[PDB]
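Participant: experimental structure below, sequence on top.
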Amino acid sequence: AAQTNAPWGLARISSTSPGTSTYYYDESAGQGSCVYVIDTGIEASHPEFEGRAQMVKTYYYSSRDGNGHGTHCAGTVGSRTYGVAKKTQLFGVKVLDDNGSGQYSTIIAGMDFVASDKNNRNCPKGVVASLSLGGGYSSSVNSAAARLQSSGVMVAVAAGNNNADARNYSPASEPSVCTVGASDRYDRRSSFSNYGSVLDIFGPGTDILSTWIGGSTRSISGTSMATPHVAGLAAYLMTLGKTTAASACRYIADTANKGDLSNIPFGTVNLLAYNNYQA
Ligand SMILES: [Ca+2]
């Protein structure tokens, strides 16, 4: 399948090269997989989700995304225009209030929630979780990411936005999950991407068009926008049969565009997520 005049990041993770605008992909498109967006919530009523999205948890007084962040990240995963995995099932978990603030202990609660709940869902092709959030190093936050991953969920986490080595941030520094940095449409590291040997992969994160609340769209920027490209990609690769929740971060790295970003500080991977469909 081909989707012309696509947001640049969907074209990128289907290209070897920058500078084009079609998103080339296999039509199975994540059918039979499940992606949990653990964030401010998802405006499931957005027609771009077409009935595939459900809130299933909150730790606040409403499950609604009253911020838009969770809805945008979820759209990149799996909205019909703006998504990687256009036919995946989306499940929301609201661990952030309507300003973007979550206490750690609640974010932990969300995470163990997914390891349990996946067992309440129909996900024959595999389960992913997408965490576009974080704060300073915590062993506990990191332990809750290793548990979620160990429970057979592909876990994708934002490396962070301080232009700093990510080993000091959580859940990014955790080893066993898939820590995602951000790039731009000219294959530069985005100016705000954390970096450091704990990163596994880079995805598109600067001027990412996606869904927003009210039924609407916007473009924003962050390792948060990069993260759901890798989550959605992993859902897409499960569904096909290329990899598994426990193997997907390694498979994506193995199949990435290798060398191609400029400003990878020394010691940071120079790997860019790629679906290997068109070549
Ligand atoms: Ca890893």
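Facilitator: Cool, got the structure. Residues are numbered from 1 along each chain as shown.
Participant: burial count for the residue in the stretch 151-279 of the chain that the ion sits nearest to?
Facilitator: The ion sits closest to residue 249 of the stretch 151-279 of the chain, with a gap of 4.4 Å, by C-beta to the ion. In this view, the C-beta of every residue, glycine as well, is placed from N, C-alpha and C. Neighbour count for residue 249, taken as other C-beta atoms under 10 Å: 23.
Participant: next: residue 146.
Facilitator: When neighbours are counted by other C-beta under 10 Å, residue 146 registers 16.
Participant: which helix in the protein has the most residues?
Facilitator: Ranked by number of residues, the top helix in the chain under DSSP state H is helix 223-240.
Participant: does residue 211 belong to a helix or a strand, and which?
Facilitator: According to DSSP states H and E, residue 211 maps onto strand 208-212.
Participant: which strands and helices sit next to that strand?
Facilitator: Contacts defined by 3 or more C-beta pairs under 8 Å, 6 or more residues apart in numbering; DSSP states H and E place strand 208-212 against helix 69-78, strand 216-220, helix 223-240.
Participant: the ion contacts on the chain?
Facilitator: Contacts of the chain with the ion, taken as C-beta under 5 Å from the ion, map to 200, 249.
Participant: in contact with the residue nearest to the spatial centre of the chain, which residues?
Facilitator: Ranked by distance to the mean C-alpha position of the chain (C-alpha atoms, centre = their mean), the top residue is residue 228 at 1.9 Å. Each residue near residue 228 by C-beta atoms under 8 Å, 6 or more residues apart in numbering is listed here: 37, 73-74, 76-77, 84, 130, 132, 156.
Participant: closest to the ion among those residues?
Facilitator: Proximity of those to the ion was ranked by C-beta to the ion; the top entry is residue 156 with 10.0 Å.
Participant: ok so that closest one is a helix residue?
Facilitator: No: counting by DSSP: H, G, I helix; E, B strand; the rest coil, residue 156 is not found in a helix; it is strand.
Participant: and residue 109, how far from residue 234?
Facilitator: Distance from residue 109 to residue 234, counting by C-beta to C-beta, to the nearest Å: 24 Å.
Participant: of those two, who's got more company?
Facilitator: Legend: neighbour count by other C-beta under 10 Å for residue 109 and residue 234, higher for residue 234 (35 against 16).
Participant: residue 253 is in contact with that one, correct?
Facilitator: No: the pair formed by residue 234 and residue 253 falls short of the contact definition of C-beta atoms under 8 Å, at 11.5 Å.
Participant: on that earlier part again, most neighbours per residue, which of the helices and strands packed on strand 208-212?
Facilitator: helix 69-78 (a mean of 32; mean count of other C-beta atoms under 10 Å).
Participant: got a list of contacts for the helix or strand following that helix?
Facilitator: Under the assignment DSSP H and E, the closest C-terminal helix or strand after helix 69-78 is strand 89-94. Here strand 89-94 makes contact (C-beta under 8 Å, 6+ apart) with 33-42, 44, 49, 52-60, 63-65, 70, 74, 77-78, 110, 113-114, 117, 121-123.
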